[PDB]
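Engineer: This block holds the first chain(s) of the complex, placed as they are in the complex; more will follow:
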Amino acid sequence: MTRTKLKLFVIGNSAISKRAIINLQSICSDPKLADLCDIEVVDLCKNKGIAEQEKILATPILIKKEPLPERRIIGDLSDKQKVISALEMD
């Protein structure tokens, strides 16, 4: 079927940044997700115009870019079913 596009936006390299990335990779390891989800990690400090462009304040923030509508969730992604529900990835 059609792809789900995920972008994880973080500030630098911290304890919370690291475990949000691991948690995302864990979530998308689900066989139902592993071949349909494309994930990018975006450091806000490495493209200086992104926080303004995506209107990002609080981080880490996971944004499901595709398919529309965009869905967002703030935090370290430590609750799988919470993330899936919030991003409508059921």
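Structural biologist: The structure has been received and is ready for your questions. Residues are numbered from 1 along each chain as shown, chains lettered A, B, ... in the order given.

Engineer: In space, not sequence, find me the middle residue of chain A.
Structural biologist: By Cα atoms, centre = their mean, chain A has its centre lying nearest to residue A:62, at 2.7 Å.

Engineer: Count the neighbours of residue A:13 for me.
Structural biologist: Other residues lying near residue A:13 total 10 when counted by other Cβ atoms under 10 Å. Every residue, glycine included, has its C-beta placed from N, CA and C.

Engineer: Over to residue A:76?
Structural biologist: 17.

Engineer: Okay, the nearest residue to it once chain neighbours are set aside and residue A:68: tell me how far apart.
Structural biologist: Once flanking residues are discounted, residue A:76 sits nearest to residue A:20: 4.5 Å by Cβ to Cβ, 6 or more residues apart in numbering. Counting by Cβ to Cβ, to the nearest Å, the gap from residue A:20 to residue A:68 is 24 Å.

Engineer: ok, the two, which is more surrounded?
Structural biologist: residue A:20 (23 against 7).

Engineer: Assumed the more buried one was part of a strand.
Structural biologist: No - read with DSSP: H, G, I helix; E, B strand; the rest coil, residue A:20 is helix and lies in no strand.

Engineer: mind adding chain B? sequence follows:
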Amino acid sequence: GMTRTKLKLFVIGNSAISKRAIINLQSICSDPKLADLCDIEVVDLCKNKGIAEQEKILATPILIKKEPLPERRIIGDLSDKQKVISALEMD
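Structural biologist: One more piece, chain B, placed on the ones above:
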């Protein structure tokens, strides 16, 4: 009875919201009745790795009142003077 108010504004780059937060903070601190000894430093997080985690920073722009204790903070472009003043407990 003079006591220094120390403010640190942490931003990411030279975006519109960074610009807003900086000039808004400057306007807020321009009030001579607000603080005796108002000291402000603006930190670009992009050029200072490690600072974000040390200040528990997860949102930008963010303004942190280091002095006087206890530490207070507020997130955003600081476009509301009164919210900012009360949030940092500067009366």
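
Engineer: Same as before for the neighbour count of residue A:13, with chain B this time.
Structural biologist: Neighbourhood size, residue A:13 [other Cβ atoms under 10 Å in any protein chain shown]: 14.

Engineer: how about it, what does it touch?
Structural biologist: Going by Cβ atoms under 8 Å, 6 or more residues apart in numbering or on different chains, residue A:13 touches A:43, B:49.

Engineer: sec struct for it, please.
Structural biologist: coil.

Engineer: Over to the one 10 residues further on?
Structural biologist: For residue A:23, the reduced secondary structure class is helix; criterion used: three-state DSSP.

Engineer: Contacts only, for residue A:23.
Structural biologist: Here residue A:23 is in contact with A:76-78 (Cβ under 8 Å, 6+ apart).

Engineer: one more time with 10 Å
Structural biologist: By Cβ atoms under 10 Å, 6 or more residues apart in numbering or on different chains, the residues touching residue A:23 are A:8, A:60, A:62, A:75-80, A:83.

Engineer: Sort out for me which of those are in helices.
Structural biologist: Among the contacts of residue A:23, the members found in helices (DSSP state H) are A:80, A:83.

Engineer: what subset of the contacts of residue A:23 is also close to chain B?
Structural biologist: A:60, A:75-76 (Cβ under 10 Å from any Cβ of the partner chain).

Engineer: thinking again about what came up before, give me the buried subset of the contacts of residue A:23.
Structural biologist: A:8, A:60, A:62, A:75-77, A:83 (16 or more other Cβ atoms under 10 Å in any protein chain shown).
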